[PDB]
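K.L.:
So I've got this experimental structure, pasted below with the sequence.
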Amino acid sequence: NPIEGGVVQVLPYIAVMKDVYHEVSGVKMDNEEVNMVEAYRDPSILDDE
Amino acid sequence: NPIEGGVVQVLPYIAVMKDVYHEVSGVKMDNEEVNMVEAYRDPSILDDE
Amino acid sequence: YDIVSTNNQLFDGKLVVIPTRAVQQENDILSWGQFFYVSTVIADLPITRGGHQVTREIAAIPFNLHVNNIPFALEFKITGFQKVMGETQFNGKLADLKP
Amino acid sequence: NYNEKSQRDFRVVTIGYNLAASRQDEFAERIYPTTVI
Amino acid sequence: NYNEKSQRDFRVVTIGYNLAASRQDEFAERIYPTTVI
Amino acid sequence: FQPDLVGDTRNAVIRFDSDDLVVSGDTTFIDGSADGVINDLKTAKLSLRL
Amino acid sequence: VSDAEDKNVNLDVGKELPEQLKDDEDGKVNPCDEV
Amino acid sequence: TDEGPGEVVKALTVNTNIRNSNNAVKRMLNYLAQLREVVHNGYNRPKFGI
């Protein structure tokens, strides 16, 4: 529609997060975050020991 | 409502602009713009010769 | 025989041939391996991890084992698909013989 | 204004996202059939 | 997202803006009563 | 561009924020040269994420 | 500690998508209509 | 939140189910690797414990 003037694409997903704490002096958080979809090709992202 | 968590205040108005051309080396558009509501206290903003 | 495929990153460029029983039963030793599965439980408790904050942690705790029965297997490492389907394989040779 | 062009409100489309998995994949099931313990 | 506290949707209030004037405001109408020519 | 939600409704704002900006030994400068940092990146087999 | 229904699991994250993201920001005004 | 987790708990079971498939592959490949060793060496007859 001429009033809408474009589209916005909203992408929900489930993120696999590494369980880490915030670093006192950290520049950015080191929590690896990946799409669950990645696990279908590379499911090793889900394993932990 | 908790889903809103705040408000937005929209203030439409009609502005009185001067007829001003754009400069080739200007840092801003030098067009004195005033809300017409100001004319009630000081109508001289509307004077044009 | 039958063909079963995966896209696991680990199982990349591998063909393995293994026997199985034509008709599968229950805990049949003649299946190449067993997957022994115990029901997975979802645990929900507001654990105060760290001693200073409370979070509701919902955990899925698996309990299972994969067991192999039959030692028979054939393993084939199959590579070079792009070399035989890409580069010329017969007339290339005749050029190579050119003195 | 002289021109609005309507640059605030756009059409929004939601991308589907539907994860699925069986107890184990058909690949795993054919090789390691499931037995409940 | 651990805490989905609202950030984008708000209660939007659009206020009025009604400007009005007579051909001459009363202060000036009483001093200079209008005569149509 | 994104709309500016606070202020004049006609303000449009851009917020470009990229942590994957790439420099490697393969790229060149605007003048066409590939020397200094780029040459050392190519020799050391390195790449940068700016 | 309930048992999971793992046999066949089908997720739908779109149903859980917050209502905020189902539409755009609603502050939009046509100043010419309001004045 | 008193609404409960909703339908995202299933994501925990999907994660678990995917890991189950990966465990089958990991165990299969490890079994074949040590199978190679057993058959490569002098174990061409049935025996317990090999």
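P.N.:
Ah, there it is. Residues are numbered from 1 along each chain as shown, chains lettered A, B, ... in the order given.
K.L.:
Could you measure from the spatially most central residue of chain D over to chain G?
P.N.:
Residue closest to the average C-alpha location in chain D (C-alpha atoms, centre = their mean): residue D:17, at 1.8 Å. Distance of residue D:17 to chain G, computed by C-beta to the nearest C-beta, to the nearest Å: 4 Å. (C-beta placed from N, C-alpha, C; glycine too.)
K.L.:
Do I have it right that that residue meets residue A:13?
P.N.:
Yes: with contact defined as C-beta atoms under 8 Å, residue D:17 and residue A:13 form a contacting pair (5.5 Å).
K.L.:
circling back: and the residue nearest to the centre of chain D, helix, strand or coil?
P.N.:
Per DSSP: H, G, I helix; E, B strand; the rest coil, the secondary structure class of residue D:17 is coil.
K.L.:
what does the one 10 residues further on give?
P.N.:
Following three-state DSSP, residue D:27 is assigned to helix.
K.L.:
ok, now residue C:23?
P.N.:
coil.
K.L.:
Overlap in contacts, residue D:17 and residue A:13.
P.N.:
Common neighbours of residue D:17 and residue A:13 (criterion: C-beta atoms under 8 Å, 6 or more residues apart in numbering or on different chains): residue G:13.
K.L.:
who in chain G is up against chain F?
P.N.:
Those residues of chain G that sit near chain F, judged by C-beta under 8 Å from any C-beta of the partner chain, are G:25, G:27-29, G:31.
K.L.:
Of these, which are in range of chain B?
P.N.:
Restricting those to those near chain B by C-beta under 8 Å from any C-beta leaves G:27, G:29, G:31.
K.L.:
quick one on the thing from earlier: with respect to chain H, which of the residues of chain G next to chain F is nearest?
P.N.:
Closest approach to chain H among the residues of chain G next to chain F (C-beta to the nearest C-beta): residue G:25, at 24.6 Å.
K.L.:
number of nearby residues for the closest one?
P.N.:
19 (other C-beta atoms under 10 Å in any protein chain shown).
K.L.:
check whether stretch C:23-40 contacts chain H.
P.N.:
Yes: against chain H, stretch C:23-40 shows contacts by C-beta under 8 Å from any C-beta at C:33, C:35, C:37, C:40.
K.L.:
which SS state does the third one fall under?
P.N.:
Meaning residue C:37. strand.
K.L.:
contacting residues for it?
P.N.:
C:64, D:23, D:34-37, H:20.
K.L.:
Can you say which of those are buried?
P.N.:
Listed as buried from the contacts of residue C:37 are C:64, D:23, D:34-35, H:20; burial here means 16 or more other C-beta atoms under 10 Å in any protein chain shown.
K.L.:
Select from these every entry located in helices.
P.N.:
Applying DSSP state H to these, the entries found in helices are residue H:20.
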